[PDB]
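Take a look at the structure set out below.
The values are calculated or read from the model by the stated rules, or taken from the named source; none is laboratory data. Cβ coordinates were reconstructed from backbone atoms using ideal geometry, including for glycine residues, and neighbour counts include every protein chain displayed.
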Amino acid sequence: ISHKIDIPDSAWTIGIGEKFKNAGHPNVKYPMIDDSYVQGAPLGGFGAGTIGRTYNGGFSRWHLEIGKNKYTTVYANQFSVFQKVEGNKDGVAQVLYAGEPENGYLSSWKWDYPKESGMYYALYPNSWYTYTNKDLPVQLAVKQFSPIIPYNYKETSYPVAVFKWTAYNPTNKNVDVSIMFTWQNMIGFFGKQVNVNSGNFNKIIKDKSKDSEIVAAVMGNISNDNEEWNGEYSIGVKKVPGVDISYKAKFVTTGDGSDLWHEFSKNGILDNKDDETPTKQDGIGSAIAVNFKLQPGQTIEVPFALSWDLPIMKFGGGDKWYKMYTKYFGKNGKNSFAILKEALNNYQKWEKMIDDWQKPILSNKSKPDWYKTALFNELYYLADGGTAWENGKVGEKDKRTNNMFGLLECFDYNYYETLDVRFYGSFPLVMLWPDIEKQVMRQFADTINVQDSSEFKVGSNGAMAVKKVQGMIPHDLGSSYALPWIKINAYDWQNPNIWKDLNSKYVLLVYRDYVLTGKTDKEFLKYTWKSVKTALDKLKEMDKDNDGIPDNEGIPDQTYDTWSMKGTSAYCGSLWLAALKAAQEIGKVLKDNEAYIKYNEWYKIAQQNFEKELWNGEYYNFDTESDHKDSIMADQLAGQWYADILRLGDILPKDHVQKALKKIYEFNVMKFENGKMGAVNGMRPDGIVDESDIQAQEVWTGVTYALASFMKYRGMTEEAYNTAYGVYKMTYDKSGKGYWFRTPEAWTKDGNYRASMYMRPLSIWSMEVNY
Ligand SMILES: *[C@H]1[C@H]([NH3+])[C@H](CO)[C@@H](O)[C@H](O)[C@H]1O
Ligand SMILES: [Ca+2]
Ligand SMILES: [Cl-]
């Protein structure tokens, strides 16, 4: 069957129903998400809410409630197959799901799709399932995707998925085949406080335009309430030559399922029974099937689709917003059929658009397949990370020009656009969706001079601190449990208003976004320039010892929020140097002589003092005053890394940078499990992992990928890919820890993890920056 479909060799692959033996688990004491290794590539566009369908076939990882992660298989949601060989009395019917319900429902359906009988493949945004089963003479495959397309802000938003089936008969008998899509009416699955199924009902739409015929089920509710819970789901199929369509509008999901299954298992043909009766307590669902006869050697292809029109997202602080796709389909929540139809009539164009964007990388035969696997599959997080993309506040009067956006750091630390993390994680956005990236950075610019003098308890030490200080960049733009975009600085473990990295990272992200979009967007530099100057001016005030560099205060006052730095640090110091160099450049572009002169003066003093304070002959010391000061830090030259990307030249001597990178490769990579797991954060110069704090002993996936890109830029090609390979292997390989489609922030040497589904590893896209 893989002969009749084209799956790229770089697709991640696993057997349907394969048990994975090696899997990791959280390495922390507090409760932390662990949804198991049974995952797959998500379906759904940016800001739409996403649905994770796993490699076992189940629709199990629900991100439809924006900002929340709910792992539960909705067992009624499936593809099923019927096959009957010409000359047999009976056919066979089978749910394409390698599992079964726990207790109760749908006992009549044929569960437990057998092992060693099919494969799952993923190369985001595409995934595939092949079915090669000795009791199914006709072989089947499906290609499933959403239209996630760089430089496209329309289709990329859509709450839709397409399932393109291919069926091939390798035998010498005629075989009757049916494929059935079932879906529960999930209105009330979340957001509805009482009466969760009440008023749900299903209708059948038959669209008979010539050379189209679509048949679709629309699963909605009789209420017209404008609430997060209300809207519609649709499933449907497009008629193709040689296929007939059948349907069932209403079967009971909170029952044994035999209302539907006795029809399908007989002859693969449903009753075509319409029934718009609303349910009260029972759960209900719909079914759409196709049936056809395959001659020996014959192939047939048929598309199904799924859409969800859930127009309103609500956050825990009370704000309700329309999702981005509503711009294209409307806001009233009765548009699921329009969305489905658009997909069923345009999916072939979308396939080609995805192929067109993937082709430059896939066709580059100098790059290993593993690297391609990771580059594309890490992109899952852009849609799956609780992504919020608004098209107005519900009830909003004054029209607006922009659509605010946010990606979560992760689900365990439910913070939007954590700036210290996006410094690593935002590369795909600037490179592939630059209008979104510039919007986010304008969001940050707009916060710089916000002051909120109310106080909060700091988690690390119990002291009270001001929420938001004028001139200090925020850690984050809110929490999905509170008020994204409106109440910033949701994070409370430390006080980010005294952090020594955020203001620098902010400036560097600004200049990055100018450089990587062609050095043409002077208007973006003009919008952000006051905030850039304010940010550097405020951070200068933190230089207590007058060496020209902000001083770390013997506490975790930066992204390593449990790892103390004291005095001048390699990390914050290098970031400061590069940020000064960037601001000098912007000064030149914008003809701001006083800023150029001032930042140049600050840069020259700071650069001299940084080298003297920290250069030890082999690498740059972690810091000037900590007990662990001669640790080799993987991220010690983060400022120079960004300076390379920004084309700002040498902030530090080339020979010193080279020695430092070589040391990090020889130590932090190669002496940490033989370089097979990434770069550990801190290593002592005797070749022993630094145990001064948990973070020192962790590999950070996104720091590792960033380090790899830096090594690549500096011509250490073999070291770069070796360093990155460890992250790929841990994430995706049979020898790793089973983290596919949930890449975590960190792991320790035992392979166990902290914070699955994390933003930072999107930094693998920095390996694709083109000089
Ligand atoms: C999320 C998390 N604590 C990390 C460390 O893993 C930190 O960098 C972020 O600032 C925090 O919000
Ligand atoms: Ca200082
Ligand atoms: Cl290997």
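Brief remarks on what is shown
- Take the conditions (1) within 16 Å of ligand 2 (Cβ to nearest atom); (2) more than 26 Å from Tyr413 (Cα to Cα); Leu516 misses just one of them, which is (1).
- The condition of being more than 15 Å from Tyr603 (Cβ to Cβ) and either buried (at least 18 other Cβ atoms within 10 Å of the Cβ) or basic (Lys, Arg) (or both) holds for only one of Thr559, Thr568, that being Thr559.
- Matching residues in segment 171-191 - criterion: being among the hydrophobic types (A, V, I, L, M, F, W, C) and more than 17 Å from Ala249 (Cα to Cα): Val175, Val177, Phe189, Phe190
- Filter pass, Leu648 being hydrophobic (A, V, I, L, M, F, W, C) and assigned to a loop (DSSP other than H, G, I, E, B): yes
- Top-ranked residue of segment 680-717 - restricted to ones that are of a type in the set (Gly, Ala, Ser) and not in a helix (DSSP H, G or I), ranked as nearest to ligand 3 (Cβ to nearest atom): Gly687
- Residue in segment 530-537 that is assigned by CATH to the domain that holds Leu648 and assigned to a loop (DSSP other than H, G, I, E, B) present: no
- Meets criteria (over 31 Å from the mean Cα position of the chain (by Cα), within 16 Å of ligand 2 (Cβ to nearest atom) and either part of a loop (DSSP other than H, G, I, E, B) or not basic (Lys, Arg) (or both)) for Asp557: no
- Test: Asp545 is within 16 Å of ligand 2 (Cβ to nearest atom), assigned to a loop (DSSP other than H, G, I, E, B) and either in contact with a helix residue (DSSP H, G or I) (Cβ under 6 Å, 6 or more places away or on another chain) or of a type outside the set (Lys, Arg) (or both): yes
- Selection status of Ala374, part of a helix (DSSP H, G or I) and either within 16 Å of ligand 1 (Cβ to nearest atom) or not assigned by CATH to the domain that holds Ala643 (or both): no
- Residue that is nearest to ligand 3 (Cβ to nearest atom) [pool: residues in segment 387-443 that are of a type in the set (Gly, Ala, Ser) and surrounded by 22 or more Cβ atoms within 10 Å (Cβ to Cβ)]: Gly425
- Some residue of segment 467-486 being assigned to a helix (DSSP H, G or I), away from ligand 3 (no atom under 16 Å from the Cβ) and within 30 Å of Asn621 (Cα to Cα): no
- Exclusive hit being under 26 Å from the mean Cα position of the chain (by Cα), under 30 Å from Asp244 (Cβ atoms) and either assigned to a strand (DSSP E or B) or hydrophobic (A, V, I, L, M, F, W, C) (or both), set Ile51, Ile66, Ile33, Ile14: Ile51
- Looking only at residues in segment 543-554 that are crowded, with 22+ Cβ neighbours inside 10 Å and farther than 15 Å from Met472 by Cβ, the one that is nearest to ligand 3 (Cβ to nearest atom) is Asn552.
- For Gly726, the test of being in a helix (DSSP H, G or I) and crowded, with 20+ Cβ neighbours inside 10 Å is passed.
- Selection status of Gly318, in contact (Cβ under 8 Å) with a residue 40 or more places away in the chain, in the same structural domain as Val138 (by CATH) and either buried (at least 16 other Cβ atoms within 10 Å of the Cβ) or more than 30 Å from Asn770 (Cβ to Cβ) (or both): yes
- Consider segment 88-113 and keep the residues that are more than 23 Å from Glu301 (Cβ to Cβ) and touching a strand residue (DSSP E or B) at 6+ places or on another chain (Cβ under 9 Å). The one that is surrounded by the fewest Cβ atoms within 10 Å (Cβ to Cβ) is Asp90.
- Filter result (of a type in the set (D, E, K, R) and within 23 Å of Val302 (Cα to Cα)) within segment 317-358: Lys341, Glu342, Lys349, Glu351, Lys352, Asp355, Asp356
- Each residue in segment 611-635 was checked for being more than 16 Å from ligand 1 (Cβ to nearest atom), over 14 Å from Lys566 (Cα atoms) and either hydroxyl-bearing (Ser, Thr, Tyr) or touching a helix residue (DSSP H, G or I) at 6+ places or on another chain (Cβ under 7 Å) (or both), and 5 of them qualify.
- Number of residues in segment 5-17 that are in contact (Cβ under 8 Å) with a residue 40 or more places away in the chain and farther than 23 Å from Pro114 by Cα equals 3.
Okay, residues lined up against (1) more than 16 Å from ligand 3 (Cβ to nearest atom); (2) more than 15 Å from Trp499 (Cβ to Cβ); (3) in contact (Cβ under 8 Å) with a residue 60 or more places away in the chain:
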{"residue": "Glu541", "(1), (2), (3)": "yes, no, no"}
{"residue": "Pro556", "(1), (2), (3)": "yes, no, yes"}
{"residue": "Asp561", "(1), (2), (3)": "yes, no, yes"}
{"residue": "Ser569", "(1), (2), (3)": "yes, no, yes"}
{"residue": "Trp576", "(1), (2), (3)": "yes, no, yes"}
{"residue": "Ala582", "(1), (2), (3)": "yes, yes, yes"}
{"residue": "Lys591", "(1), (2), (3)": "yes, yes, no"}
{"residue": "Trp602", "(1), (2), (3)": "yes, yes, yes"}
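- Within the span defined as segment 486-493, every residue fails to be in the same structural domain as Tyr413 (by CATH), within 27 Å of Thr624 (Cβ to Cβ) and within 16 Å of ligand 2 (Cβ to nearest atom).
- Within segment 499-529, the set of residues being within 16 Å of ligand 1 (Cβ to nearest atom) and not in a helix (DSSP H, G or I) comprises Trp499, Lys500, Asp501.
- Some residue of segment 275-295 being farther than 30 Å from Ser480 by Cα, without any contact (Cβ under 8 Å) to a residue 24 or more places away in the chain and either of a type outside the set (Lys, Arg) or crowded, with 22+ Cβ neighbours inside 10 Å (or both): no
- Condition check for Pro170: farther than 23 Å from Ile14 by Cα, touching a strand residue (DSSP E or B) at 6+ places or on another chain (Cβ under 9 Å) and surrounded by fewer than 19 Cβ atoms within 10 Å (Cβ to Cβ): yes
- Restricting segment 730-745 to residues that are charged (D, E, K, R) and closer than 18 Å to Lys19 by Cα, the residue that is surrounded by the fewest Cβ atoms within 10 Å (Cβ to Cβ) is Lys734.
- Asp211 vs. criteria outside any loop (DSSP other than H, G, I, E, B) and surrounded by fewer than 18 Cβ atoms within 10 Å (Cβ to Cβ): no
- Residue within segment 604-613 that is under 28 Å from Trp493 (Cα atoms) and away from ligand 2 (no atom under 14 Å from the Cβ) present: no
- Matching residues, segment 718-771, being within 16 Å of ligand 3 (Cβ to nearest atom) and touching a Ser or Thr at 6+ places or on another chain (Cβ under 9 Å): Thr723, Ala724, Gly726, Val727, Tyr728, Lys729, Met730, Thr731, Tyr732, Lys737
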